[PDB]
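Read the single chain below, which is given as structure tokens and is the form deposited in one PDB entry.
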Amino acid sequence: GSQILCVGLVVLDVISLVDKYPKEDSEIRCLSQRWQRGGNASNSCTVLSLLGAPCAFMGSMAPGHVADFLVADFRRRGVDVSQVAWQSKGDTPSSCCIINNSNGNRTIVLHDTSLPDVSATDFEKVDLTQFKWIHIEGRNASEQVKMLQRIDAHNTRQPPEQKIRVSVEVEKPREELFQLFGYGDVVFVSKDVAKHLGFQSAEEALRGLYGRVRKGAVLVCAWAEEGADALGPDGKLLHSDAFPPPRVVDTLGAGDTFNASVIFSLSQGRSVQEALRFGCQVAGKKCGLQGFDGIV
């Protein structure tokens, strides 16, 4: 088990870099434009690859010239596309990303093409013996739970030595996804999902939502400039201060850089404290760079 699998989205991010965020009905002119391979799992993959970890992407892709750019990006990164669930009905999703240069804030206007999501069926044809770790980006909850149950089942039939570690990301404040809370050894819950539940801090969110996690699972919550916090079976709250760059220029994919760096550090067998710190470290380095090149 040498690879890390990331199940989720691949999107074409059409990035416009603005000197100030536009006012409604205004006609701003951007400083620079760029095309970049997006989607949470696709970003985590980039980050993992840059960190030296052999990784594989699994997500739906619609053949076309857009997919040709995305696939070429994965291949240039060394991201294994073999497990890609190629669809026939639909187009590859795209998004319009306004990056405010003065603060690094990112505004994503997503076009979800209604492409069929990766199903338990697509997941059943996957050889789980090559994977050290598997990360699922919370989208089709009910169907992903079937992929999650399939991993638990494989793990029981395996020695503690060659067991697959699982991580789950709850990013959007969707009720269907709160069932995944749930599964996986490491559960990543976004600051957005936390505020949706009436939690005003990462520690509030952790203490409040730990009940919802599997026995032995680590619940992780990043809180932008406030750093990130973790809560494991011991009940001890772990915290990492952020690593902000002096000039924050691009936060697009920062949360993904966080996730992949926590998964990476924990995959390398480091403490949750060390992994929390490293997550913040790599996410913070990224926030001072455009794209993902230069974080290591």
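Between two forms, the rigid core is the largest collection of C-alphas that superpose within 1.5 Å. In this text, residue numbers run from 1 along the sequence as written.
The stretch with the higher mean CA B factor, choosing between 112-120 and 222-230, is 112-120. Once the C-alpha B-factors are averaged per stretch, 244-252 and 53-61 rank with 53-61 first. By the numbers in the PDB entry, the CA B factor is greatest at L148 among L148, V189, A72, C97.
Within the selection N259, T46, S26, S32, the deposited Cα B-factor values reach their highest point at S26. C6 sits in the middle third of its chain by CA B factor, as recorded in the PDB entry.
Among all modelled residues in its chain, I295 ranks in the middle third by Cα B-factor.
Just so you know, the form deposited in another entry exists too; it's not on screen, but the next bit is about it.
For the set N105, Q149, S142, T129, a Cα shift of at least 2 angstroms between the shown form and the other one, after rigid core superposition, holds for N105 and for no other residue. Once both forms are overlaid on the rigid core, the distance between the two CA positions of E27 between the shown form and the other one is 2 angstroms or more. With the core held fixed, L12 shows a CA shift below 2 Å between the shown form and the other one. After superposing the rigid core, the Cα of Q162 is displaced by less than 2 Å between the shown form and the other one.
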